[PDB]
Structures are given as C-alpha cells and as structure tokens.
Amino acid sequence: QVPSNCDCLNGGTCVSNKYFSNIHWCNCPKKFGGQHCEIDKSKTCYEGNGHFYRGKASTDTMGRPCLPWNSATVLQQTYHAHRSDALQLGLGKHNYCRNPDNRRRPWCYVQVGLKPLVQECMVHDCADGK
Ligand SMILES: *[C@@H]1O[C@@H](C)[C@@H](O)[C@@H](O)[C@@H]1O
C-alpha cells in the first residue's frame with residue numbers, strides 16, 4: 001500500500017481533494033489505463049450513450065447486421081423508418097443502433113428469430129477486433 005492521495009503511471013497526475021477529508025483519485029487521461037494508468041490505451045467507442053453515434057458498428061450484441069429501419073419487420077416494430085419521431089434519429093434508410101427512447105447503450109431492431117427486438121448493438125472494443 002502507498003497512501004499517496006493518488007497513484008497513476010506513465011506520468012499520470014497525483015491529485016487529491018480536501019473538502020471531504022480525503023477524496024483524491026488517480027488523475028490519468030481517459031485514453032490511459034493499466035493498474036495506476038500505466039498505459040496509453042484509448043477506450044472511447046461512444047463519447048455519448050448511443051443517442052446519435054457515428055461509427056461503423058451496425059450489428060447487435062450478437063454479430064448479426066441487425067435489421068435496417070426500412071425493413072417491413074422493424075416497420076412493424078416501433079422506432080423504425082415510419083413512426084413519427086424517426087426523423088429525429090434518422091432511422092429511415094440506415095441501420096446502426098439508435099437510443100431515442102430510455103436506454104443506456106444504443107440498441108437496434110435486430111431480428112431475434114421472428115420479432116425484431118432492440119438489442120444494445122455491442123459497440124465495445126474498436127481496434128481491428130483486437
Ligand atoms: C498531472 O497533472 C496534469 C494537470 C498534467 O500536467 C499531467 O500531464 C500530469 O501528469
């Protein structure tokens with residue numbers, strides 16, 4: 001143990017609070033990591049929660065390409081390319097995943113056997129799949 005009101009690496013930043021007796025925290029870049037932030041990683045596949053998102057992730061949390069919002073199936077669902085608020089998320093002619101409702105990760109109407117179920121399009125990891 002090394003009570004130093006902080007502990008990072010790779011030249012991290014040793015910070016410490018004083019308005020609560022002791023509320024410090026390793027001050028390392030968000031792209032850092034490694035126990036005490038000893039690596040220059042770069043985790044950030046969605047600065048938001050999935051509201052807009054502008055990457056390439058088009059599959060769901062399984063791998064399927066998910067159904068586009070123009071697939072009559074999703075048209076039968078709710079948030080597709082023919083509801084009334086799809087113009088706010090631009091769902092028509094496109095796929096990826098949208099989260100205009102109440103959810104943390106971006107989901108997409110992906111066919112789940114016989115009913116396009118919204119699945120938080122797994123958007124984790126983003127480095128050549130490795
Ligand atoms: C910790 O403090 C911050 C403000 C930056 O100077 C970092 O480079 C440093 O490690």
# chains A, B, ... in the order shown; residues from 1 in each chain; ligands from 1

call {"tool": "residues_around", "arguments": {"residues": "region 114-121 of chain A", "least_positions_apart": "2", "cutoff": "6 Å", "atoms": "only C-alpha atoms", "output": "MDAnalysis selection string"}}
result
chainID A and resid 59:61 74 97 105:112 123

call {"tool": "write_last_selection", "arguments": {"atoms": "C-alpha atoms", "output": "JSON list (two decimals), in the first residue's frame"}}
result
[["chain", "number", "residue", "atom", "x", "y", "z"],
["A", 59, "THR", "CA", -24.58, -5.38, -35.77],
["A", 60, "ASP", "CA", -26.39, -6.03, -32.47],
["A", 61, "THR", "CA", -25.00, -7.63, -29.28],
["A", 74, "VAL", "CA", -38.93, -3.14, -38.00],
["A", 97, "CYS", "CA", -28.28, 1.41, -33.45],
["A", 105, "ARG", "CA", -26.38, 1.56, -24.76],
["A", 106, "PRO", "CA", -27.53, 2.06, -28.34],
["A", 107, "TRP", "CA", -29.90, -0.72, -29.45],
["A", 108, "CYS", "CA", -31.18, -1.68, -32.92],
["A", 109, "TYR", "CA", -34.24, -3.60, -34.18],
["A", 110, "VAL", "CA", -32.35, -6.85, -34.86],
["A", 111, "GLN", "CA", -34.39, -9.91, -35.89],
["A", 112, "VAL", "CA", -34.47, -12.20, -32.84],
["A", 123, "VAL", "CA", -20.15, -1.23, -29.55]]

call {"tool": "closest_atom_pairs", "arguments": {"of": "chain A", "to": "ligand 1", "cutoff": "10 Å", "atoms": "only C-alpha atoms and all ligand atoms", "output": "tab-separated table"}}
result
residue	atom	partner	partner_atom_place_in_ligand_line	distance
A:8	CA	ligand 1	10 (O)	8.4
A:9	CA	ligand 1	10 (O)	8.5
A:10	CA	ligand 1	10 (O)	7.9
A:11	CA	ligand 1	10 (O)	4.7
A:12	CA	ligand 1	10 (O)	3.9
A:13	CA	ligand 1	1 (C)	3.0
A:14	CA	ligand 1	1 (C)	6.2
A:15	CA	ligand 1	2 (O)	7.6
A:26	CA	ligand 1	1 (C)	9.3
A:27	CA	ligand 1	1 (C)	6.5
A:28	CA	ligand 1	10 (O)	7.0
A:29	CA	ligand 1	7 (C)	8.1

call {"tool": "atom_distance", "arguments": {"atom1": "CA of residue 6 (chain A)", "atom2": "CA of residue 36 (chain A)"}}
result
8.9 Å

call {"tool": "atom_distance", "arguments": {"atom1": "CA of residue 22 (chain A)", "atom2": "CA of residue 41 (chain A)"}}
result
28.2 Å

call {"tool": "select_by_dssp", "arguments": {"residues": "chain A", "states": "helix (DSSP H, G or I)", "output": "number ranges by chain"}}
result
A: 72-76, 86-89

call {"tool": "write_last_selection", "arguments": {"atoms": "N, CA, C and O atoms", "output": "mmCIF file, in the first residue's frame"}}
result
data_model
loop_
_atom_site.group_PDB
_atom_site.id
_atom_site.type_symbol
_atom_site.label_atom_id
_atom_site.label_comp_id
_atom_site.auth_asym_id
_atom_site.auth_seq_id
_atom_site.Cartn_x
_atom_site.Cartn_y
_atom_site.Cartn_z
ATOM 1 N N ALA A 72 -39.583 -3.883 -43.495
ATOM 2 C CA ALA A 72 -41.016 -4.020 -43.078
ATOM 3 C C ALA A 72 -41.128 -4.621 -41.670
ATOM 4 O O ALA A 72 -42.010 -4.270 -40.912
ATOM 5 N N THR A 73 -40.244 -5.509 -41.303
ATOM 6 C CA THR A 73 -40.320 -6.100 -39.933
ATOM 7 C C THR A 73 -40.186 -4.983 -38.900
ATOM 8 O O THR A 73 -41.047 -4.786 -38.063
ATOM 9 N N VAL A 74 -39.115 -4.244 -38.953
ATOM 10 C CA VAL A 74 -38.927 -3.142 -37.998
ATOM 11 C C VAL A 74 -40.040 -2.116 -38.220
ATOM 12 O O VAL A 74 -40.496 -1.467 -37.301
ATOM 13 N N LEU A 75 -40.500 -1.994 -39.437
ATOM 14 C CA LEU A 75 -41.609 -1.044 -39.723
ATOM 15 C C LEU A 75 -42.784 -1.442 -38.838
ATOM 16 O O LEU A 75 -43.564 -0.622 -38.396
ATOM 17 N N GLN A 76 -42.892 -2.713 -38.569
ATOM 18 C CA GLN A 76 -43.985 -3.220 -37.701
ATOM 19 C C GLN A 76 -43.645 -2.883 -36.250
ATOM 20 O O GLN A 76 -44.511 -2.657 -35.429
ATOM 21 N N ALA A 86 -38.899 9.194 -36.021
ATOM 22 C CA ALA A 86 -37.708 8.575 -36.652
ATOM 23 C C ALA A 86 -36.907 9.666 -37.350
ATOM 24 O O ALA A 86 -35.732 9.520 -37.625
ATOM 25 N N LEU A 87 -37.542 10.764 -37.628
ATOM 26 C CA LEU A 87 -36.835 11.886 -38.297
ATOM 27 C C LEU A 87 -35.896 12.566 -37.301
ATOM 28 O O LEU A 87 -35.027 13.330 -37.674
ATOM 29 N N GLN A 88 -36.056 12.287 -36.038
ATOM 30 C CA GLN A 88 -35.168 12.906 -35.020
ATOM 31 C C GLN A 88 -33.913 12.046 -34.887
ATOM 32 O O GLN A 88 -32.846 12.523 -34.554
ATOM 33 N N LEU A 89 -34.038 10.774 -35.154
ATOM 34 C CA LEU A 89 -32.865 9.866 -35.058
ATOM 35 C C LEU A 89 -32.431 9.447 -36.460
ATOM 36 O O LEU A 89 -31.487 8.701 -36.627
#

call {"tool": "closest_residue", "arguments": {"among": "A:20, A:25, A:52, A:96", "to": "residue 64 (chain A)", "atoms": "only C-alpha atoms"}}
result
A:96

call {"tool": "residues_around", "arguments": {"residues": "residue 91 (chain A)", "least_positions_apart": "2", "cutoff": "8 Å", "atoms": "only C-alpha atoms", "output": "number ranges by chain"}}
result
A: 68-70, 79-81, 86-87, 89, 93-95, 98

call {"tool": "write_last_selection", "arguments": {"atoms": "N, CA and C atoms", "output": "PDB file, in the first residue's frame"}}
result
ATOM      1  N   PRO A  68     -32.467  -3.102 -40.760  1.00  0.00           N
ATOM      2  CA  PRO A  68     -32.458  -1.685 -41.059  1.00  0.00           C
ATOM      3  C   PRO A  68     -33.811  -1.106 -40.649  1.00  0.00           C
ATOM      4  N   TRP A  69     -33.912   0.181 -40.477  1.00  0.00           N
ATOM      5  CA  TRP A  69     -35.223   0.762 -40.071  1.00  0.00           C
ATOM      6  C   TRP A  69     -36.168   0.805 -41.279  1.00  0.00           C
ATOM      7  N   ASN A  70     -35.752   0.267 -42.398  1.00  0.00           N
ATOM      8  CA  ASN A  70     -36.632   0.264 -43.602  1.00  0.00           C
ATOM      9  C   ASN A  70     -37.106  -1.168 -43.880  1.00  0.00           C
ATOM     10  N   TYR A  79     -39.786   2.119 -33.136  1.00  0.00           N
ATOM     11  CA  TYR A  79     -38.812   3.102 -33.695  1.00  0.00           C
ATOM     12  C   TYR A  79     -38.201   2.562 -34.986  1.00  0.00           C
ATOM     13  N   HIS A  80     -38.847   2.807 -36.091  1.00  0.00           N
ATOM     14  CA  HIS A  80     -38.316   2.325 -37.393  1.00  0.00           C
ATOM     15  C   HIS A  80     -38.310   3.488 -38.387  1.00  0.00           C
ATOM     16  N   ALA A  81     -38.496   3.213 -39.648  1.00  0.00           N
ATOM     17  CA  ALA A  81     -38.498   4.315 -40.651  1.00  0.00           C
ATOM     18  C   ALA A  81     -39.938   4.642 -41.043  1.00  0.00           C
ATOM     19  N   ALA A  86     -38.899   9.194 -36.021  1.00  0.00           N
ATOM     20  CA  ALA A  86     -37.708   8.575 -36.652  1.00  0.00           C
ATOM     21  C   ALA A  86     -36.907   9.666 -37.350  1.00  0.00           C
ATOM     22  N   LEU A  87     -37.542  10.764 -37.628  1.00  0.00           N
ATOM     23  CA  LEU A  87     -36.835  11.886 -38.297  1.00  0.00           C
ATOM     24  C   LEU A  87     -35.896  12.566 -37.301  1.00  0.00           C
ATOM     25  N   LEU A  89     -34.038  10.774 -35.154  1.00  0.00           N
ATOM     26  CA  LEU A  89     -32.865   9.866 -35.058  1.00  0.00           C
ATOM     27  C   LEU A  89     -32.431   9.447 -36.460  1.00  0.00           C
ATOM     28  N   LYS A  93     -33.731   4.441 -44.098  1.00  0.00           N
ATOM     29  CA  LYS A  93     -32.517   4.175 -44.925  1.00  0.00           C
ATOM     30  C   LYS A  93     -31.261   4.168 -44.051  1.00  0.00           C
ATOM     31  N   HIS A  94     -31.072   3.142 -43.265  1.00  0.00           N
ATOM     32  CA  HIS A  94     -29.856   3.081 -42.400  1.00  0.00           C
ATOM     33  C   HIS A  94     -30.037   1.970 -41.349  1.00  0.00           C
ATOM     34  N   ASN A  95     -29.003   1.642 -40.612  1.00  0.00           N
ATOM     35  CA  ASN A  95     -29.130   0.551 -39.593  1.00  0.00           C
ATOM     36  C   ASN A  95     -28.456   0.960 -38.277  1.00  0.00           C
ATOM     37  N   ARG A  98     -29.951   2.935 -32.574  1.00  0.00           N
ATOM     38  CA  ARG A  98     -30.436   4.251 -32.069  1.00  0.00           C
ATOM     39  C   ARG A  98     -30.941   4.098 -30.629  1.00  0.00           C
TER      40      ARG A  98
END

call {"tool": "closest_residue", "arguments": {"among": "A:50, A:7, A:1, A:63", "to": "residue 37 (chain A)", "atoms": "only C-alpha atoms"}}
result
A:7

call {"tool": "residues_around", "arguments": {"residues": "residue 42 (chain A)", "least_positions_apart": "6", "cutoff": "10 Å", "atoms": "only C-alpha atoms", "output": "ChimeraX atom specification"}}
result
/A:29-33,125-127

call {"tool": "atom_distance", "arguments": {"atom1": "CA of residue 90 (chain A)", "atom2": "CA of residue 46 (chain A)"}}
result
17.8 Å

call {"tool": "closest_residue", "arguments": {"among": "A:71, A:124, A:99, A:16", "to": "residue 57 (chain A)", "atoms": "only C-alpha atoms"}}
result
A:124
